[PDB]
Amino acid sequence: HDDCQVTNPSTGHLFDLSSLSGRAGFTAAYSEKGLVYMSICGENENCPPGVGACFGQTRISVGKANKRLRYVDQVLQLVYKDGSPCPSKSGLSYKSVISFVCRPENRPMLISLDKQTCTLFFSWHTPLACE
C-alpha cells in the first residue's frame, strides 16, 4: 500500500516506520569524515527536492524518496532509486537500499557501497522491525 507501512504476509504483523519520518531526518557516517543525509518515507531537507538521501559534502543525490516499504525474510526495506549519475561507463545511477532489521531493545549505518551497481547499502537495527 506504499505508505511507510507493511505487513508480514505470513503472520499479518503490521510494521510501521512512520515514526522515523520527517524532513530533518538522520545521517549515516560515510568514509573518514563525510556523511549521508537521509529521511525515511520522504525527502530530506538537506538534500535537493524529492531526494531522500544525499552526500553531505555535495548534496548530490543517492536516491529519490518514496514510501514503498517492503518486507522480505524478516527485513523491512526501502529502495531510493534514480539518484545522480555515478562514475560509470554504462550510465548507471546511484540508489540507496535501506534495510531495517529487528533489534528487540536507532541510527542508520552505511555498510557497503557496491561500485558495480552504484548502490549504497544501509542497515538500521530497530525495535520497529521486530514482531
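So that there is no doubt, residue numbering starts at 1 and follows the sequence shown.
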Relative to the other PDB entries of this protein in the set, is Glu43 coordinate-less in at least a third? no
Residue gap status of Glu32, at least a third of other entries: no
Deposited residues omitted from coordinates between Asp73 and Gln74, as a class: none
Between 80 to 88 and 56 to 64, which has the higher average C-alpha B-factor in the PDB entry? 80 to 88
Can you let me know which of the two, 114 to 122 or 7 to 15, has the higher average C-alpha B-factor in the entry? 7 to 15
In the PDB entry, which of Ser39, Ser99, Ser31, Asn46 has its C-alpha at the highest B-factor? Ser31
Against its chain's modelled residues, does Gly25's Cα B factor rank lowest, middle or highest third? middle
